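Each value in this text was obtained by applying a stated rule to the coordinates, not by laboratory testing. Positions of Cβ are generated from backbone atoms using ideal geometry, with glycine treated the same way; all protein chains shown enter the neighbour counts.
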Number of protein chains: 2
Amino acid sequence: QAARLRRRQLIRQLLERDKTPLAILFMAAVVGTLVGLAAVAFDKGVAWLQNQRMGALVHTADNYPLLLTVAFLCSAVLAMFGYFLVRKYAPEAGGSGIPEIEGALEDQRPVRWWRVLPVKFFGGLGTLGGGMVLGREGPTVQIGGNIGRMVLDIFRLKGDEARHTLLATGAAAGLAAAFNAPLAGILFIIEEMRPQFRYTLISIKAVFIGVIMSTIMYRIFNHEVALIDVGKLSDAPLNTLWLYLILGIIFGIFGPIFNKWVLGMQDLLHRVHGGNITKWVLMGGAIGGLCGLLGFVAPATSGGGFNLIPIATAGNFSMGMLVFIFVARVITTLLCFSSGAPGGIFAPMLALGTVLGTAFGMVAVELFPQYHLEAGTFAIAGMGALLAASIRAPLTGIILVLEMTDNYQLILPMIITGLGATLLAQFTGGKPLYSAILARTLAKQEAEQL
Amino acid sequence: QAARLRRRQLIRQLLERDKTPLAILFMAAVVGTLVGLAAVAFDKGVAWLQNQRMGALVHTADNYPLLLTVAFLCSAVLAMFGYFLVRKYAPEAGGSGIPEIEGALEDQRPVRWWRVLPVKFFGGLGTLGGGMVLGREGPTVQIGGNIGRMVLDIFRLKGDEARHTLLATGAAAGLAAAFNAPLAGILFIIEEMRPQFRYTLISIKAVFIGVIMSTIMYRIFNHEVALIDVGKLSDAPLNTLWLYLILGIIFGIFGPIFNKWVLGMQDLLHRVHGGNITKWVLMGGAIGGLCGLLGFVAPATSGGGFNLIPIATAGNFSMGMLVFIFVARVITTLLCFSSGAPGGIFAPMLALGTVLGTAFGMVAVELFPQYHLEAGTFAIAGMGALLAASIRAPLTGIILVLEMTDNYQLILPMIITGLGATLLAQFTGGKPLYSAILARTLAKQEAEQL
């Protein structure tokens, strides 16, 4: 009966497949409407502190000394307000938010919306609005997971089913509304987010419904908008593909290395505030300010990244400038994330990738003039190549780019790259940056209950 | 230690995540090169029997009586040769091939490439080349799974890991090269194909490598080609979205109903050959011929579907003609699939969807002239809407369309439809057509070992 019994199960299971209680759906449908209706508010707000912080630089646009200082001041002030809410009211909403919600799907590091919501919301609203090199996924994904179980508790639903689900959708609807990438939002909650070592109980269809409602919300407000807009680029002939493997490899070897820095520098930053709820808040206002300053002198180095970059570059920067920008951001990016302020490195890793990808093309363009190349295609190929080597979630990367870049012509080179970026990132022993961070924020949670 | 032990595991697991033995990869890399190099050969061949079967209709293009008969004759002959190889040498390669490979991932209905390969290959090469309303995924996906374990056995690899994997990739690389849809190929092997009631042991990254190599093969041969080509259509403003829900609902209620027919008519077809390895082969040559005839008089009703349809329609058919075509194909489609000849209903369900979707638009166009609508967008919305309600695998449907239609502008309406197509397809109690077929081909395998 070992073999002949499985059948009696499957057949009862197959013909019973796709089980989703109408309440989990109608509910995920709500998590989406809110998680999304949240990001639109968050976003439009972070975009307002940038409008104001930029409005004060034309009021005093007479003398550079004052200007170059109010700049540093506004960002430093906001970064403060930020690191504060995090350090005092909920040290959980510091950093990204994915590695955390990602744990909550394994049932650990529970979710306390009652705090994290208004914290992460205003905290990040501070850091991002400051003009720091932080992406806005972290906040939305977390605020999302939270807006998730918040409604799980307000309507008190039972089972692991409705718990794991209503959370995941809040997260997908999160990432989705952060980039207006519904497809990328979903594929994320099932290649990354979700618990990876044992069957899950998340209902895809519930996630879907979430993602849509969230995406609809984004469309409702941000009418006729595209975060990144590059036209259509050249095509990528077969006799060119290999070049994208080479690039994938480079992203591969670099991917892990970057992790060591991002990961190992949130240490060489803990040895400057030691946990001091203020020395920390001051250190933050410091780098936060540094950004506001860079925001005026050489903006290529500050900013949430794509705020102009993937575009201004997928077309025309001097080889050197690229290199500068790359390194410049490599720092500022770590500096802001590693410190521990609200906001993720998802976005800024898109920028870095785009810049590094461009640079590669730059070179390939002049070495094989027999190919008639446009550096751009290499910028798009390597846009999510860093995600692929660092947080190691290619599919979500590939679809996410295609989602907001719209050049399916390059779908092949895009994979060829991102795929080799996960290989050379394994044979060099790297780790899913988002997990390696859970491990840390978990093993250092274990040796603290003794 | 209940709670505090899980941690000691995860942390050992997290930091150990992404385990893939270099041999499984290098191997999947081979399954892809072959599974793909197989479809290109299969395809180009099925396209040749259509060139020849069409070459004989210009040799005798004088008199309609002879013409209208050699037409029926060639198809009837080929369909014969087809149902034969299936009935005599391997009754496993009859029907699609997905419900079967889909079982092999649960470990049942084992795979015997030594037979099924040359059978499904030439068998379908017969049926499809005949011009029957059968898609070419079935054959490739199966021939793929088979080319899969074939190399698992030729190189004899161990574990459930390398078995489940090398199979799945052969399948993904299958679907992938069948539509030149790498992304759809992958998302399929993880929303459908794969065992759904317990953690799997398939290595995504292995699948990836397969899909690519397969897709590269397709590009290697079919240079500058697109199976379906519709330009860019109008955009889909917010004040229009709901219309696509309505459509999703309709696809929802219809989805299951169709299943009952496809499913319940492979019965009202068994009562005409009773298992007779010849009455069957004759019944086949019959409907197979019927197609060759329709292939000349009203082609909208025969053919693998998109062979002109999703295009000639995503633009201009009379409301009625659509209706005709819809019903006409509804039959011919079942008739060919249900009979039990090699070839799937994946493709033909795209056609039906496109026709039904068009029809919906047709109507919506003239009812809300306040919207400035193009029926087309509704054709694309509902292209994979049948897949969504019938085989109930939306994500694979949505990406598959976008993959070969290239209108991301409609990504929202595409989901809004396909999503509502799985809801109204649950609240009406339908089942994953691909599973319901495994159940059947499994429970009738159990009551045959007594």
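Could we say that A:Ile209 is over 22 Å from the mean Cα position of the chain (by Cα) and within 14 Å of another protein chain (Cβ to nearest Cβ) here? No, not satisfied.
If the condition is being of a type in the set (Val, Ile, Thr) and crowded, with 19+ Cβ neighbours inside 10 Å, then the range B:218-248 contributes B:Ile228, B:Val230, B:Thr240. Pairing residues of the range B:421-432 that are under 12 Å from B:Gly248 (Cβ atoms) with residues that are assigned to a helix (DSSP H, G or I) and of a type in the set (A, V, I, L, M, F, W, C), at Cβ distances under 6 Å and at least 6 apart in sequence or on separate chains, gives B:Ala421/B:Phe251; B:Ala421/B:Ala385; B:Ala421/B:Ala388; B:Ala421/B:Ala389; B:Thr422/B:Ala388; B:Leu424/B:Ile249; B:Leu424/B:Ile253; B:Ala425/B:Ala389. One residue stands out in the range A:189-217 among those that are of a type outside the set (A, V, I, L, M) and under 23 Å from A:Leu433 (Cβ atoms): the one that is surrounded by the most Cβ atoms within 10 Å (Cβ to Cβ), namely A:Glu192. Inclusion of B:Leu10 among residues that are free of Cβ contacts under 8 Å to residues at least 24 places away in the same chain, within 14 Å of chain A (Cβ to nearest Cβ) and crowded, with 22+ Cβ neighbours inside 10 Å is warranted. For the range A:187-205, the set of residues classified as part of a helix (DSSP H, G or I) and more than 22 Å from the chain's Cα centre (by Cα) consists of A:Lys205 only. Would a scan of the range B:18-37 turn up a residue that is part of a helix (DSSP H, G or I), touching a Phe, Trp or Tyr at 6+ places or on another chain (Cβ under 6 Å) and among the hydrophobic types (A, V, I, L, M, F, W, C)? No: the range B:18-37 contains no residue that is part of a helix (DSSP H, G or I), touching a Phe, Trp or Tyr at 6+ places or on another chain (Cβ under 6 Å) and among the hydrophobic types (A, V, I, L, M, F, W, C).
The single condition among (1) more than 10 Å from every other protein chain (Cβ to nearest Cβ); (2) hydrophobic (A, V, I, L, M, F, W, C); (3) closer than 30 Å to A:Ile143 by Cα; (4) surrounded by fewer than 22 Cβ atoms within 10 Å (Cβ to Cβ) that A:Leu450 does not satisfy is (3).
Just name the residue that is farthest from B:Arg109 (Cα to Cα) out of those in the range B:430-447 that are of a type in the set (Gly, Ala, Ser) and within 10 Å of chain A (Cβ to nearest Cβ). Looking at residues that are of a type in the set (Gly, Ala, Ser) and within 10 Å of chain A (Cβ to nearest Cβ), I get B:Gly430. Per this entry, B:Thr354 is not counted among residues that are closer than 16 Å to B:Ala79 by Cβ, among the β-branched types (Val, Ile, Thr) and in a helix (DSSP H, G or I).
For the subset of the range B:38-61 comprising residues that are in a helix (DSSP H, G or I) and of a type in the set (S, T, N, Q), which member is nearest to B:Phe121 (Cα to Cα)? Among those that are in a helix (DSSP H, G or I) and of a type in the set (S, T, N, Q), it is B:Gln50. Does the range B:193-204 hold any residues that are within 11 Å of another protein chain (Cβ to nearest Cβ) and out of contact with any helix residue (DSSP H, G or I) (no Cβ under 6 Å at 6 or more places or on another chain), and which are they? Within the range B:193-204, B:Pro195, B:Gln196, B:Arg198, B:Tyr199, B:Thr200, B:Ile204 qualify.
One line per residue, one yes/no per condition, for (1) crowded, with 24+ Cβ neighbours inside 10 Å; (2) more than 25 Å from A:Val46 (Cβ to Cβ); (3) of a type in the set (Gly, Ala, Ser); (4) touching a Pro at 6+ places or on another chain (Cβ under 8 Å):
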position	(1), (2), (3), (4)
A:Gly131	yes, no, yes, no
A:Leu134	yes, no, no, yes
A:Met150	no, no, no, no
A:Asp160	no, yes, no, no
A:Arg163	no, yes, no, no
A:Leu175	yes, no, no, no
A:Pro182	yes, no, no, no
A:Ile186	yes, no, no, no
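Scan the range B:279-297 for residues that are in a helix (DSSP H, G or I) and under 21 Å from B:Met54 (Cα atoms) and the total you get is 11. When the test is whether a residue is touching a helix residue (DSSP H, G or I) at 6+ places or on another chain (Cβ under 7 Å) and surrounded by fewer than 21 Cβ atoms within 10 Å (Cβ to Cβ), A:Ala23 does not pass it.
Scanning the range B:86-129 for residues that are surrounded by fewer than 24 Cβ atoms within 10 Å (Cβ to Cβ), assigned to a helix (DSSP H, G or I) and charged (D, E, K, R) gives B:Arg87, B:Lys88, B:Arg115. Scanning the range B:215-237 for residues that are assigned to a loop (DSSP other than H, G, I, E, B), within 11 Å of another protein chain (Cβ to nearest Cβ) and over 25 Å from B:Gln370 (Cβ atoms) returns B:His223, B:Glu224, B:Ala226. Filtering B:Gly353, B:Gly357, B:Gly361, B:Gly384 for residues that are within 22 Å of A:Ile209 (Cβ to Cβ), away from chain A (no Cβ under 11 Å) and without any contact (Cβ under 8 Å) to a residue 40 or more places away in the chain leaves a single hit, B:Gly384. One residue stands out in the range B:298-310 among those that are farther than 14 Å from B:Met54 by Cβ and more than 15 Å from the chain's Cα centre (by Cα): the one that is surrounded by the most Cβ atoms within 10 Å (Cβ to Cβ), namely B:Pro310.
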